[PDB]
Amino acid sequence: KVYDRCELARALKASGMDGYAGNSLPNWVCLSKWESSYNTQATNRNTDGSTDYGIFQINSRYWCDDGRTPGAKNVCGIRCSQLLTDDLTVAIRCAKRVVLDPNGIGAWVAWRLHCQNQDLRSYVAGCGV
């Protein structure tokens, strides 16, 4: 499913993502926008054999099992396939686990590049959240 910006915002707010580990809502909308363009079925293969999965583009080397990534750890304890569903429950739960590591929201290259040290007010504007 390709989420509408405000449709996503409402779904993340409802899942407790606003302030999750000190990361306000606009941070998560900004990273979903630039990581996948709000598409839960987005996939991206890397040089090293790993693949990025879903709306938050979670890597198969540490967080999920896709059966073709060499030396993977599956810390989220899921199949990567579970990150591409229209239903965000599993993606949210894994993303929640990703920001608990020391690097936090800095784990996401799109966040560091287009959201970090920017005015993200516009990503939630008009959503009524």
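A residue's number is simply how far along the shown sequence it sits, counting from 1.
**Request:** Would you mind comparing 44 to 52 and 73 to 81 for me and telling me which has the higher average C-alpha temperature factor in the entry?
**Result:** So the stretch with the higher mean C-alpha B-factor is 44 to 52.
Handout entry: Stretch with the greater mean C-alpha B-factor as recorded in the entry, comparing 101 to 109 against 116 to 124
Key = 116 to 124 has the higher mean C-alpha B-factor.
Where does the C-alpha B-factor of residue 37 rank in its chain, lowest, middle or highest third?
Middle third, going by the recorded CA B-factors of the chain.
Entry-reported Cα temperature factor of residue 62, expressed as the chain third it lands in: Highest third.
Worksheet item: residue 2's Cα B-factor: lowest, middle or highest third of the chain?
Response: Ranked within chain, residue 2 CA B lands in the lowest tercile.
Per the entry's values, where does residue 93 land by CA temperature factor relative to the rest of its chain, in the lowest, middle or highest third? CA B-factor rank for residue 93: middle third.
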